[PDB]
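First, one chain by itself in structure tokens, the form deposited in one PDB entry.
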């Protein structure tokens, strides 16, 4: 089954913004999570062809991944931290929707989500 086009990482109709919190989400939150041993499945859009998940995009209609989020942050695509946080949460939720409790990929998402929540608990002012 085909992959859809990946989510946009720029949008000229959308206003950009740089905030201390968005800087921090890239420099600290994203870039540290990225180095985690369980980060690799989330560093690019789900390749449903390669992974032999032909029903992935029949189920997941708002795909998200850290590769896309990283590019969005580097673009200053977001208006605020909450928009970016929402993308992280979409990424985790997608994983829990498509997969089942106890699955290896779910254990990976669960661990990353905990680390993510740990790091966004306190943001710059």
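Numbering follows the first chain given and starts at 1. Just so we're on the same page, rigid core means the largest C-alpha set that superposes within 1.5 Å between forms.
In summary, of the stretches 46 to 54 and 62 to 70, 46 to 54 shows the greater Cα distance from the shown form in 6 other deposited structures of this protein, with structures fitted on the rigid core.
As listed in the deposited structure, the average C-alpha B-factor of 79 to 87 and of 43 to 51 is greater for 43 to 51. Sort the chain's modelled residues by C-alpha temperature factor and residue 9 lands in the middle third, per the entry.
Per the PDB record, residue ranking by Cα B-factor puts residue 72 in the lowest third of the chain.
Although it is not shown, the form deposited with a partner chain bound is what the next lines describe.
Residue 90 falls outside the set of residues with a heavy atom inside 4.5 Å of its partner chain in the bound PDB entry. Using a 4.5 angstroms limit between non-hydrogen atoms, residue 53 touches its partner chain in the bound PDB entry.
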